[PDB]
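Each chain, written out:
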Amino acid sequence: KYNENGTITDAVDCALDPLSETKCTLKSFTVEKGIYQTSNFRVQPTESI
Amino acid sequence: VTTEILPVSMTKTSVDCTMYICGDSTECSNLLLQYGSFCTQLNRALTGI
Ligand SMILES: *[C@@H]1O[C@H](CO)[C@@H](O)[C@H](O)[C@H]1NC(C)=O
């Protein structure tokens, strides 16, 4: 977040937790009440066959 | 007595544009990103419906 003087005054770490994911998804530092789709769960492979 | 049949809703389908185009592919995803928001807009349009 760049303020009026072009200084970064705040930031969101998009990989910190699910709320930060929602903030980054919506391109906002404020999230309104509701349900938002932010990602996609995938089971990863553990073996090479 | 007569019967009047009207549709109300569609199947609530949802398509993940990244998984559809570049399913589990890092190299494809990196190329898909060159199209900017095209993928995001498609996901948004279906969510809205
Ligand atoms: C920009 O800098 C001026 C001082 O030169 C300060 O008074 C003003 O509040 C600053 N603007 C912001 C958004 O911090």
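Residues numbered from 1 in each chain as written, not as in the entry; some residues may be left out. Chains lettered and ligands numbered in written order. Part of a larger assembly, values for the part shown. Heavy atoms only, no water. Residues with missing side-chain atoms left out of burial classes, pairs and counts.

## Thoughts on the state of the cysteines
Residue and element names in this part refer to chain A.
At step 1: Inspection of every chain in the model, using the stated rule, returns three disulfides over all chains.
At step 2: Through a disulfide, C14 is tied to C24; the S-S separation comes to 2.0 Å. Here the S-S torsion is close to -85°, and the disulfide linking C14 with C24 is therefore left-handed. A residue pair is termed long-range when its members are at least 10 positions apart, and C14 in the segment before α1 (18-25) and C24 in helix α1 qualify at ten residues. (Disulfide = S-S within 2.5 Å. Helix = DSSP H or I, 4+ residues; strand = E, 2+ residues; numbered from the N terminus.)

## Quick look at the pattern of salt bridges
At step 1: Taken as a whole and judged by the stated rule, the model has one salt bridge over all chains.
At step 2: Two residues, B:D16 and A:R42, come together in a salt bridge whose shortest N-O distance is 3.9 Å. Within this pair, whereas B:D16 is found in the segment before α1 (17-22), its partner A:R42 is found in the segment after α1, the two belonging to separate chains.
At step 3: On the basis of relative accessible area, B:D16 is assigned to the partly exposed category, the value being 23%. (Salt bridge = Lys/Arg side-chain N within 4 Å of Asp/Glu carboxyl O. Buried < 20%, exposed > 50% of the residue type's maximum accessible area, 1.4 Å probe, protein only.)

## Side note on the site of the ligand
Residues and elements named next belong to chain A.
At step 1: Around the ligand lies a shell formed by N3, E4 and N5.
At step 2: Taking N3, its side chain carries an N or O atom lying 3.5 Å from an oxygen atom of the ligand.
At step 3: Here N5 contributes a side-chain N or O atom positioned 2.4 Å from an oxygen atom of the ligand.
At step 4: About the coverage of the ligand: the protein hides 26% of its 360 Å² of free accessible area. (Near = heavy atom within 4 Å. Polar contact = N/O pair within 3.5 Å; in protein donor to acceptor, adjacent residues only side chain to side chain. Areas by Shrake-Rupley, 256 points an atom, 1.4 Å probe, with all protein chains shown as cover.)

## Notes on the UniProt feature "disulfide bond" in chain B
All names here are of chain B.
At step 1: The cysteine pair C17 and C39, annotated by UniProt as disulfide-bonded, shows a sulfur separation of 2.0 Å, below the 2.5 Å cut-off, so the bond is present here. Of this pair, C17 sits in helix α1 while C39 sits in helix α3 (residues 38-48), placing them 22 residues apart in sequence. In this pair, the class of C17 matches that of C39, namely buried.
At step 2: For the UniProt disulfide linking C22 with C28, the SG atoms sit 2.0 Å apart, under 2.5 Å and consistent with a formed bond. (UniProt positions renumbered as here; feature names shortened; annotations may be inferred.)

## Section: unusual backbone geometry
At step 1: For A:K27, which is not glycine, the phi dihedral falls at a positive 50°.
At step 2: Structurally, the position occupied by A:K27 is in the segment after α1.
At step 3: Overall, the relative accessible area of 73% leaves A:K27 in the exposed class.
At step 4: Positive phi, normally seen in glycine, also occurs at B:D24, with a value near 50°.
At step 5: For B:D24, the location among the structural elements is in the loop between α1 and α2 (26-32).

## Overview of a nonpolar patch on the surface
Residue and element names in this part refer to chain B.
At step 1: Taken together, the side chains of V15, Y20, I21 and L46 present a nonpolar region at the surface, about 400 Å² in accessible area.
At step 2: Mapped onto the secondary structure, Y20 falls in helix α1.
At step 3: For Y20, a relative accessible area of 67% puts it in the exposed group. (Patch = residues over 30% accessible without salt bridge, like charges linked within 9 Å, V, L, I, M, F, W, Y side chains within 5 Å.)

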